[PDB]
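Residue numbers (the UniProt record's numbering), protein chains in the order written: chain P, 5 to 308; chain X, 5 to 308; chain H, 5 to 308; chain W, 5 to 308; chain Z, 5 to 308; chain E, 5 to 308.
Even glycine gets a Cβ: it sits at the ideal position worked out from N, Cα and C.
6 protein chains.
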Amino acid sequence: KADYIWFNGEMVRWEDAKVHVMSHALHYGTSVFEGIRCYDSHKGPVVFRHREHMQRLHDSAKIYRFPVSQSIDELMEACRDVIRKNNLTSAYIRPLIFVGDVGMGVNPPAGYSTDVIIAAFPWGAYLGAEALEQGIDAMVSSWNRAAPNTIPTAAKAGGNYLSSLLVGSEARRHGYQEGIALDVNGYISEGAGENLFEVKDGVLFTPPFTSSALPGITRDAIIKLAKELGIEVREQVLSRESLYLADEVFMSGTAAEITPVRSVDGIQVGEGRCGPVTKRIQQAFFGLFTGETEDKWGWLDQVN
Amino acid sequence: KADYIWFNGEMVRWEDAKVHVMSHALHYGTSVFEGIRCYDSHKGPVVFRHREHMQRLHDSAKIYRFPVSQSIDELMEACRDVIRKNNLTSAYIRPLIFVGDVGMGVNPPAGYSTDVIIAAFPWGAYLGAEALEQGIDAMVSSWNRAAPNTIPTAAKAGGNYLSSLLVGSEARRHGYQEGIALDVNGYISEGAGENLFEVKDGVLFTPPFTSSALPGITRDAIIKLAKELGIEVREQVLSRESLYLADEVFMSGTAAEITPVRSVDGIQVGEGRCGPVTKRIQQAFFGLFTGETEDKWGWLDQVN
Amino acid sequence: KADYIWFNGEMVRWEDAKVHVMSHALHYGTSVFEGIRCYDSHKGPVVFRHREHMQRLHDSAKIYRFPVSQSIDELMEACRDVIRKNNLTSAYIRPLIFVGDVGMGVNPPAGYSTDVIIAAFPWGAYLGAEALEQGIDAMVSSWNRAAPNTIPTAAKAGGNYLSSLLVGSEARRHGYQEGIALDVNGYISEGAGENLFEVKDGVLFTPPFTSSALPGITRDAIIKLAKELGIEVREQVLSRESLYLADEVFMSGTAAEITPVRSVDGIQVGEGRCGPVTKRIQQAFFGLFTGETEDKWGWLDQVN
Amino acid sequence: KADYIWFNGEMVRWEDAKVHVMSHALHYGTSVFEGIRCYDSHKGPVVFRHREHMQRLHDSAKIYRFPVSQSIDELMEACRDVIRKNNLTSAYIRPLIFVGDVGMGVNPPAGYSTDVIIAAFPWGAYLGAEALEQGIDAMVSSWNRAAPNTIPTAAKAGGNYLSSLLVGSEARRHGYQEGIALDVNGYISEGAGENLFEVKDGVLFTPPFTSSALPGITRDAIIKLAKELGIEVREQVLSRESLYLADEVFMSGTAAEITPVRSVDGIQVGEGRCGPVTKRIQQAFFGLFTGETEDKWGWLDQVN
Amino acid sequence: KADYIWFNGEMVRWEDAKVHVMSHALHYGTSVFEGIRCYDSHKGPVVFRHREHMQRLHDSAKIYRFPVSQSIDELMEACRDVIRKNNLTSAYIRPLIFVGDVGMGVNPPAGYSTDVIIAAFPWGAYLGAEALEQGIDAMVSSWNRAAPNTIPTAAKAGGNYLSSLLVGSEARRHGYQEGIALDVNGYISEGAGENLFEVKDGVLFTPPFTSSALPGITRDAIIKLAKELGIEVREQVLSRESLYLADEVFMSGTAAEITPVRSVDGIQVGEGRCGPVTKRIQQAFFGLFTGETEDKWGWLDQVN
Amino acid sequence: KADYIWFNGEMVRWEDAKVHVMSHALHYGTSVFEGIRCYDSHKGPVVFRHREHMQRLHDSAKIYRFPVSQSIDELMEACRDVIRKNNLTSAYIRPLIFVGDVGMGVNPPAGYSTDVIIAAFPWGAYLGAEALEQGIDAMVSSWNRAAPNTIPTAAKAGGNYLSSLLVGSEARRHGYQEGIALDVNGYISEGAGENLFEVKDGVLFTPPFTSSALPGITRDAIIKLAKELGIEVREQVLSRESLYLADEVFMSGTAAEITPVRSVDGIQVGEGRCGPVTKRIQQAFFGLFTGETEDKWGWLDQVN
Ligand SMILES: *Cc1c(COP(=O)(O)O)cnc(C)c1O
Ligand SMILES: *Cc1c(COP(=O)(O)O)cnc(C)c1O
Ligand SMILES: *Cc1c(COP(=O)(O)O)cnc(C)c1O
Ligand SMILES: *Cc1c(COP(=O)(O)O)cnc(C)c1O
Ligand SMILES: *Cc1c(COP(=O)(O)O)cnc(C)c1O
Ligand SMILES: *Cc1c(COP(=O)(O)O)cnc(C)c1O
Ligand SMILES: O=C(O)CCCC(=O)O
Ligand SMILES: O=C(O)CCCC(=O)O
Ligand SMILES: O=C(O)CCCC(=O)O
Ligand SMILES: O=C(O)CCCC(=O)O
Ligand SMILES: O=C(O)CCCC(=O)O
Ligand SMILES: O=C(O)CCCC(=O)O
């Protein structure tokens, strides 16, 4: 929570940011959202890969044909404006584009407009306060990720998350920190809300998007970072059991950043701590906010 | 719009039924809903298969482990109460149970509670003012229905409607009234928001739930009415091309009631009009609200 | 061979029934056909389930939207005319609707018409001289039947037969009389060019159309004969290994009639000879052309 | 049309190139063919990747075990002879190997030979007059490409085209220029009769053959031209929604050459016009027949 | 454990029943086995559905072409002989047919013989001492059952059990009594070593064998018993979530007999105790050994 | 047969290496094994990729959670010790870890231990005395390889060989030397007990592990040797028909080493003999044991 929320171009106090219970999205999962982090850095408060996230917000909307009135630059300014208007230097930002109060049929009435919200607020490590340093214990879920050509997994939409709820809630109920879902083919897809990476013999592996995995922006950053670090990367389908044979394993996400996975289904991964390659990647990722890692791609948007 | 809406145990005026923009369901499709019709009949206003719908509402929630505080009878009284107060004699009732303002993680905090809304309002034939009489032109969608064990299609959840949007809007954009979706195996599943029935040589056919089709209450009713009429019924998987060979075809649902399908993909069905068996079923169905069809099951819940 | 072939309404000498090499179907498999048998019965030469076959010819053409100018009755009269013109009392008839000389694009030009042929000629036991009496040895093919929603297996089309060729030729190359193909799910579909039945504990079994099996007219007749004989019938998916556990197994088809399968993949079926249930259906079937079996369905169309 | 057609070695007047209506391929889709273009270049009339096409003709026939008596060199010489005999300097050539008048069983009799035809004639832009310059509007089909191990999609066979007909005619019926088919896994396969390419972030993408896509010779040429142009190429599975996120999309084929796709399912691709990368490949491709692009692969076969 | 084990026709003392470590089955899973119970009854010690089990032993062997020298009657006598020779009146019998010391290639040398063992010994309720009366808590496994046409699930072979080990061990590790596996389609298959039954609205449901479920003999007994009890039975595919909506649920097996399942994945089934319909079936099953249930099928083989 | 066998830490004479008939693995396929060859080389007897195999042996056990007491080096010394004692200079070593006499439930009792055996003995070319030189005739099986997430194909377990038996014995019964299996998707997986390689236009191809193929150690070696030879290698999914178009094809394995495949399904590959690239690879492979090929990886473990 924070003091204000950007709501359709106007800064509204948090408590007054409300919508009608008959809003389309509450009944039909009709919304697309983003996860963005603003970090403290040597350059001051910076939003990580800001433009890439707003571009994806638009892409998700385009896929479902949800009309978006704000341009990417407007959404970005709006985002920076809510970060300052709330006096935050570090935070998690949640943009949300949803079909609002427009009538009950699943097909929105012609000419409708979508509602847009953007809330920023501090948010701890997604998988725990000990996650980033100690790693977590994962569980392969009994629920599979959405099949191709059903609900586009390339789009980050609200409705998709019933699946992430089933996969993630199951792991927790069974005492694990996160759940790893397989696609309808029996191959590794990703975690409930984070992409999956494996390390074997010094090479980094990760499932392609066609494994029903969302095109993670953190995932993309890690691949390019790894290439810079001289680490070979292979985007390929991964068997379920490969999780038990990898030297290292970890998850990526805007919220979960880079979280080592010390075990899967009770089976220890490597030494049971953060692996050497994971450490290198992790250090290179954060060194970006210390300036130790050169921002060669222009991934740090300054809030001002 | 109506005048009041049942919101968490109390009837609030329509304009005040609002929830926070950070309500879980707006971001994660975490809601389950129902569709119910109140018919003005020879016995005055009656809710059709009222209890069955509230039970299903409970089952959907149970599947996702969404905590529900109200019992079926409680919900039933609330529904009935909503119709009276708004002074409706015929209407569409939309009960809705969703995870509200509980924080931003997809996994809700332990001990949370859901918000429950029940709105009622008049709503015309779902597929057109001519639909029920002249029948509609349907299109087979290029989008498939959710695969087994990904999202439970036996549950009527809000999140899953992203799929119905893709299926239904496509047919509509191409000039049809509704889209028919195949499951991931290539067999007929159902319409975007209606179950699919076919008639050939006097026998009634419809896919089983395992064809990724919702276990519709209108569908179950039709199967029963058909049997009472001596019409043989076969619940079995159906081929996509079977839509072109069927003597008759129609859709079913609370909103769409019993809508004949006069053409599929531009291929006329039968004589391009409502078929004889669809006719009997339909007359039998609507005969319930005139007394011509004896309510031998107890499907009419008097509003009072 | 025979003397005349009905061609677009005309009785053409067999040697003059030719088409340009640039005819569409020779390049794109764009044709639909039927197999029909005229038997020399107690009622004289009669065409078996004549209307049913011509109706299917139309259905197959309809699925592909091939324009057909002859009505089912026109087709039937032409068929009888062909038989008499060649003075045949028993024969195999091959009606064939195909896209002809209309230009090289796969999509035919608007307003085009199809060419129609009906050739009648004597044709013996499809699966061999001993087949009907002693049964054949079948092999499960390494090639699978077409998947649902690719090339509609419910339509009897020319292009379909590339599959039948692969399945059948393989079995024959390995020394068997016919090949049994499995669908893409690994379940029994049917023989390369005939439906497959199994007999277990006095109950008759056969796969539904959704197992990528063509809705055989002979298959349909068997099912009806079986029920008149007091034999329970079950149309359900069948496992590949069920072929090794069945008491009896046989194939059906217009050309193949009812052929007993004494062995599958070298494993013996029952006594390795025609089974008792098979025997009954067979006698019942052929008894239709001697009068021993009453034509309660009106399956014998008098040629005259 | 043209004056002569090479037929089993002889130069036959177009009007005399006929086959019996009882020819095997007219009933069983038993034929394999090729699309080849002769261009009027700076070197005179040349057949593009002539040997490659005839080799594929043989491969396709080999897969089905169709006996072929002409060698690749005999076929090529016949093709050049056909072109010259019709005094053509630019044309589309259609070689066709088919099972002819050999009896009605699907399995041809032992010792049979195939009939071979090579017809040459002028043929314009496969996808329209503006297609090459302005791009077309594509639609994702509701029909899927043949599954692996059913009908080998690597073989260019006549029977295959029933699928291409369904896919293409649907798009055309809905007002689009071409249809894009997905495989049975829900991933992009290709266009009804052309391979599909995507351009994203300056990188060229196209599905592998295992996505049920025919190994296009034009596709292969593009990949080679791309690498000479310094364009990175990635043959990988592509999601259906990737079509909406790609910077550019285009189709390839002998008939279709290189046709830009400006929109998919009504959604605009990039600027809605030919993309920059597409532009380069296109110029590079056509520059082969003007000399601007060096034939480093020996793709221009002199007709003489 | 007991005093003697029937080993290739000779009663050997338990401890001396050994085989060479190079026995085929230890390296290739090449064995087929059965589970049979002998009960105390009013008729004295009786083996339940004795002939049916030995017939299946033979069927399993036939499927893998393992030569079996003993006839069914010999195996039965041998079985009764080990029950008496060990002085048991109630017990679990384990027949085992395995490829022995014949060399290391997976394909056994031509002319080989299989080894056969039959051990009887008391064995408590498979799923616990409180299982049959209180019911158990089940868990849907993250491991799926074998796909059709890979390893025939209709055959009860040793090699198959690696799967039952993965499914069952997982449920236990997570604190459950048994695991329920879904097939590769996402539908209910069965428990790790027991068939699955569901009860909804007084009707009994169970997956067909094509759901990759073994043709349980206990399962078969229950179906016939239910029919006798007037209970409608439907053999059909069941969705994963149906487990959460059934009134009752239970497992069947020779070892587990009839075990109520009070919960699945933490979700209570019905009232959480043995359900009414399950009780009826259970009582009817055991009444067979008290003589209260008439043995109308001849399921009780007397040991003597 | 040899003279001694390493059995649980001590070398016992061949005739005494026996386990109880009630050993878990005999009834449940619960064992994991390896295949290793000892070559007499320019450096005397050397075990090929000794450590890699013992590691894999450990990984397979870890996948099934089979407790292993010995370390890799321990196992390695035991292997080496087995070769010396038996006085072999070249041989096939079969390590075997299995669940022994621990009770009759599929789930072993907590705290159990596995039995470990390591046998060595001379073994000729796996597919014939002419195999490696003349190549073999292969057949595509009608049985498919285990699907992902059913049985982990990344583990070399005994139970899974029921599948290799079905695949391999079929080809053998039809007169071929080995069978090639497709996965459940219809793509090439591998041979019954060998990985499958294809050569086309100088490039080496082989399916990835995700094609249900074991991650062979000979396969990995070949990929490395090929690269050292400048041969491009592509690990990708391969179509079934690609077997007929490849210039060269061969199998790989510890037992089969590098066996050329001269024909598939009766269709000759290349010139019907070992192909040029297979030749180079092979010469490179066997060159390791003469010193001609520099062991640049450390694949030869001296027996001493
Ligand atoms: C948001 C999300 C991720 C992480 O992607 P980032 O762009 O790196 O935040 C991963 N998986 C799913 C399903 C997601 O919704
Ligand atoms: C609500 C719904 C139906 C219709 O079910 P009824 O219970 O008859 O209203 C059909 N299909 C889907 C996908 C639905 O959501
Ligand atoms: C024609 C055909 C049959 C047989 O059907 P009938 O109507 O009985 O002749 C069976 N299978 C296939 C694939 C066929 O084409
Ligand atoms: C012929 C064909 C193509 C195009 O291949 P080219 O060799 O480039 O002509 C593409 N797809 C299909 C289905 C085809 O038959
Ligand atoms: C043995 C077994 C059963 C139970 O079958 P019964 O004949 O009733 O003993 C169920 N599932 C599997 C996988 C089995 O092996
Ligand atoms: C053992 C085996 C191989 C060969 O692997 P290598 O490590 O090279 O010996 C190939 N396929 C299967 C199924 C195997 O079991
Ligand atoms: O990582 C993110 O930014 C979004 C996923 C986390 C969640 O909202 O559950
Ligand atoms: O709101 C919709 O679009 C679906 C309504 C479904 C029903 O209640 O029948
Ligand atoms: O022509 C064939 O090869 C099969 C025809 C099938 C039939 O007519 O029954
Ligand atoms: O004939 C067609 O319709 C397509 C031919 C494809 C080609 O030759 O490129
Ligand atoms: O029920 C049976 O008879 C066999 C399965 C139990 C087991 O051996 O694990
Ligand atoms: O024993 C077999 O039949 C397989 C041997 C596999 C290998 O070690 O290469």
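Practice prompt. Taking 8 Å as the cut-off, decide whether the C-beta atoms of W/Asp-187 and W/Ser-168 are in contact.
Written response: Against the fourth sequence, residue 187 of chain W aligns to sequence position 183. Against the fourth sequence, residue 168 of chain W aligns to sequence position 164. Not a contact, by the Cβ cut-off of 8 Å.
Item to complete: Starting from the N-terminal side, write out each stretch of the alpha helix (DSSP H) that is 4 residues or longer and does not extend beyond the segment 195-233 of chain X.
Response: 221-232
Worksheet item: Which one or two residues does DSSP pair with X/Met-255 in a beta bridge?
Response: By one-based count along the second sequence, residue 255 of chain X stands at place 251. Paired residues: X/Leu-200, X/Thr-263.
Worksheet item: At what residue ranges does the segment 69-146 of chain X contain a whole run of the beta strand (DSSP E), taking only runs of 3 or more?
Response: 95-103, 118-125, 140-144
Item to complete: Return helix, strand or coil for Z/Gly-274, following the three-state DSSP convention.
Response: Within the fifth sequence, residue 274 of chain Z is the residue found at index 270, counting from 1. DSSP places Z/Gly-274 in coil when its eight states are reduced to three.
Fill in: Closest residue to Z/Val-281 among Z/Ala-230, Z/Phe-213, Z/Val-51 (Cα-Cα distance)
Working through the fifth sequence from its first residue, we reach residue 281 of chain Z at position 277. Considering only alpha carbons, the answer is Z/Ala-230.
Worksheet item: Taking the Cβ atom as the reference point for each residue, do P/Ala-185 and P/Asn-199 lie within a distance shorter than 8 Å?
Response: Counting from one through the first sequence, the residue named residue 185 of chain P turns up at place 181. Counting from one through the first sequence, the residue named residue 199 of chain P turns up at place 195. Contact: no.
Item to complete: Could you tell me which chain E residues have their CB closer than 7 Å to the CB of Z/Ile-221, listed as they occur along the chain?
Response: Residue 221 of chain Z sits at position 217 when you count from the first residue of the fifth sequence. Ordered by position in chain E, no residue passes the 7 Å Cβ test against Z/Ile-221, which lies about 18 Å from the chain.
Discussion item. Considering only heavy atoms of ligand 4 and the C-beta of each residue, which residues fall inside 6 Å, strictly closer?
Written reply: W/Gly-39, W/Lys-160, W/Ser-168, W/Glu-194, W/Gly-197, W/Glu-198, W/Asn-199, W/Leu-218, W/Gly-220, W/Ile-221, W/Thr-222, W/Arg-223, W/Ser-256, W/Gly-257, W/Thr-258
Item to complete: Quick one: grab the DSSP three-state call for W/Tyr-8.
Response: Against the fourth sequence, residue 8 of chain W aligns to sequence position 4. Looking at W/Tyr-8 - three-state DSSP - the assignment turns out to be strand.
Worksheet item: Along the chain, where does the alpha helix (DSSP H) that runs through E/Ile-285 open and close?
Response: The sequence position of residue 285 of chain E within the sixth sequence is 281, counting from 1. It spans 280-291 - the alpha helix (DSSP H) in which E/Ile-285 sits, taken as one unbroken run.
Worksheet item: According to the neighbour-count rule (16 or more other Cβ atoms, all chains shown, within 10 Å of its Cβ), is Z/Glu-182 buried or exposed?
Response: Locating residue 182 of chain Z in the fifth sequence gives position 178, counting from the first residue. By the 10 Å Cβ count, Z/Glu-182 comes out buried.
Item to complete: Let me know the secondary structure DSSP gives Z/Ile-67 once reduced to three states.
Response: Within the fifth sequence, numbered from 1, the residue matching residue 67 of chain Z stands at position 63. The answer is helix: DSSP assigns Z/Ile-67 an H, G or I state.
Fill in: 6 Å Cβ shell around P/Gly-195 - same chain, five flanking residues per side excluded
In the first sequence, counting from the first residue as 1, residue 195 of chain P sits at position 191. Cβ within range, chain order: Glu-182, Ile-184, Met-255.
Practice prompt. Using a Cβ-Cβ cut-off of 8 Å, state whether W/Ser-216 counts as contacting chain P.
Written response: Indexing the fourth sequence from 1 puts residue 216 of chain W at position 212. With 8 Å as the cut-off, W/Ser-216 does not count as an interface residue toward chain P.
Worksheet entry | Residues that P/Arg-177 contacts on chain Z, provided the C-beta gap is smaller than 7 Å | The residue you call residue 177 of chain P lines up with position 173 of the first sequence. Within 7 Å Cβ-Cβ: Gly-270.
Discussion item. Can you confirm whether P/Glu-245, when its beta carbon is compared against all beta carbons of chain E, has any partner nearer than 8 Å?
Written reply: Here residue 245 of chain P corresponds to residue number 241 of the first sequence, with the count starting at 1. P/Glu-245 counts as touching chain E.
Worksheet item: What's the gap between the Cα of E/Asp-269 and the Cα of W/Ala-151?
Response: Locating residue 269 of chain E in the sixth sequence gives position 265, counting from the first residue. Locating residue 151 of chain W in the fourth sequence gives position 147, counting from the first residue. Approximately 20 Å, taken between the alpha carbons.
Worksheet item: Under the three-state reduction of DSSP, which class applies to E/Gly-183: helix, strand or coil?
Response: Here the question's residue 183 of chain E lines up with position 179 in the sixth sequence. In this structure, E/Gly-183 counts as strand in the three-state DSSP scheme.
Fill in: Own chain partners of Z/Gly-279 with C-beta closer than 7 Å, once the 5 adjacent residues on each side are dropped
The sequence position of residue 279 of chain Z within the fifth sequence is 275, counting from 1. So the qualifying residues of the chain are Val-203, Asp-251, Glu-252, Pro-264.
Worksheet item: What residues in the segment 131-144 of chain P have a beta carbon less than 8 Å from any beta carbon of chain E?
Response: none
Item to complete: Would you check whether ligand 10 has a heavy atom nearer than 7 Å to the C-beta of H/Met-108?
Response: Working through the third sequence from its first residue, we reach residue 108 of chain H at position 104. Under cutoff, so the answer is yes.
Worksheet item: Per DSSP, E/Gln-59 is paired with what?
Response: If you number the sixth sequence from 1, residue 59 of chain E lands on position 55. DSSP lists no partner for E/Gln-59.
Discussion item. Excluding the 5 residues flanking Z/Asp-205 on each side, which residues of the same chain have their C-beta closer than 8 Å to its C-beta?
Written reply: On the fifth sequence, residue 205 of chain Z is found 201 positions in, with the first residue counted as 1. Cβ within range, chain order: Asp-251.
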